[PDB]
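Residue numbers start at 1 and run along the sequence shown. For ligands, and for the atoms within them, numbers begin at 1 and follow the listed sequence. No hydrogens, no waters, no symmetry mates; every other heavy atom, side chains included, goes into these values.
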Amino acid sequence: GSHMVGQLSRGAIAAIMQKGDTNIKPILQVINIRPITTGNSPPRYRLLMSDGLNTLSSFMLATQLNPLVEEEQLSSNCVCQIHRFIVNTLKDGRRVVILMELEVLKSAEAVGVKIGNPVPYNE
Ligand SMILES: O=C(O)c1cc(-c2ccc(CNC(=O)c3ccc(-c4ccc(C(=O)O)o4)cc3Cl)cc2)n(-c2ccc(Cl)c(Cl)c2)n1
């Protein structure tokens with residue numbers, strides 16, 4: 001309904017990347033999903049997600065959840081609650097967030113637009 005950004009967990013992205021908070025179950029919007037280059041293994045999906053204030057592209061989907069993308073329940077504009085995630089830090093210092101359990105609260109078709117005016121999160 002009205003005040004759409006109020007439907008998203010504003011500040012959750014900073015909390016994940018700054019505080020290292022993994023107990024929260026934030027509500028985020030999917031902005032984009034694309035496959036990464038994989039090879040001889042199951043496909044892997046990378047997501048640009050929004051908390052209403054920030055976007056962050058460092059999300060990857062657990063392979064067990066691939067059917068959500070491939071059957072189109074999880075797609076651009078949908079609003080999701082993250083029930084379980086883990087953070088991994090690469091050798092170069094970048095962090096990636098692996099989404100392990102995810103619930104779609106509102107379908108892409110029921111939302112239909114990017115909520116608010118989130119800006120890219122910096123490191
Ligand atoms: O081609 C490409 O375009 C491509 C490639 C990559 C890529 C980069 C790093 C890695 C290293 N691997 C992991 O950080 C990892 C750790 C645990 C798990 C896991 C635990 C349980 C499960 C499960 O149940 O599925 O998965 C998964 C991963 Cl993928 C891999 C790819 N990237 C990429 C670059 C920069 C960012 Cl910020 C991101 Cl998000 C992705 N792009």
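Closest protein heavy atom to atom 13 (C) of ligand 1: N88 ND2, 3.5 Å. At the top of the distance list for atom 2 (C) of ligand 1, counting protein heavy atoms only, stands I36 CB, 3.7 Å. What sits closest to atom 8 (C) of ligand 1 on the protein, heavy atoms only, is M60 CE, 4.4 Å. Closest protein heavy atom to atom 11 (C) of ligand 1: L90 CD2, 4.0 Å. Atom 17 (C) of ligand 1 has its closest protein heavy atom at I98 CG1, 3.9 Å.
If you chain together hydrophobic residues whose side chains sit under 4.5 Å apart, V79 and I82 never meet in one group. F85 and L102 fall within a single hydrophobic cluster, where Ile, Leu, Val, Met, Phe, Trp and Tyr side chains are chained together by heavy-atom contacts under 4.5 Å. Follow the hydrophobic side-chain contacts under 4.5 Å out from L47 and you reach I24 in the same cluster. Hydrophobic clustering, with ILVMFWY side chains joined whenever heavy atoms are under 4.5 angstrom apart, keeps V104 apart from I27.
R94 and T89 form no side-chain donor-acceptor contact under 3.5 Å, judged by distance and modelled atom types alone. Side-chain contact check for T38 and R44: no donor-acceptor pair (N or O, by modelled atom type) lies under 3.5 Å.
Under 4.0 Å from ligand 1, the heavy atoms of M100 that appear belong solely to its side chain.
The shortest N or O to N or O distance between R44 and ligand 1 is under 3.5 Å. At least one N or O atom of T37, backbone or side chain, sits closer than 3.5 Å to an N or O atom of ligand 1. On a distance-only criterion, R95 and ligand 1 share no N/O pair closer than 3.5 Å. Taking any N or O of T63, backbone or side chain, at least one lies under 3.5 Å from an N or O belonging to ligand 1. Some N or O of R34 is nearer than 3.5 Å to an N or O of ligand 1, by distance alone.
Evaluated by nearest non-hydrogen atom to atom 38 (C) of ligand 1, the leading choice among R94, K91, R46 is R46.
Counting atoms of ligand 1 from 1 in the listed order, those under 4.0 Å from a heavy atom of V96 are 14 (O), 36 (C), 37 (Cl), 38 (C), 39 (Cl). If you number the atoms of ligand 1 from 1 as listed, the ones under 4.0 Å from a heavy atom of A62 come out as 23 (C), 24 (O), 25 (O). Each of the atoms 37 (Cl), 39 (Cl) of ligand 1 lies under 4.0 Å from some heavy atom of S58.
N32 CG to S50 OG: the interatomic distance, rounded to the nearest 0.5 Å, is 12.5 Å. Of the inter-residue distances, the one linking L74 atom CG with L61 atom CG reads 6.5 Å to the nearest 0.5 angstrom. In this structure, the separation between CZ on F59 and CD1 on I13 is 5.0 Å, given to the nearest 0.5 Å.
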- Derivation of the side-chain hydrogen bond (donor to acceptor under 3.5 Å, both in side chains) call for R95 and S58: CA-CA 7 Å; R95 265 146 190 188; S58 305; over 6 Å; no
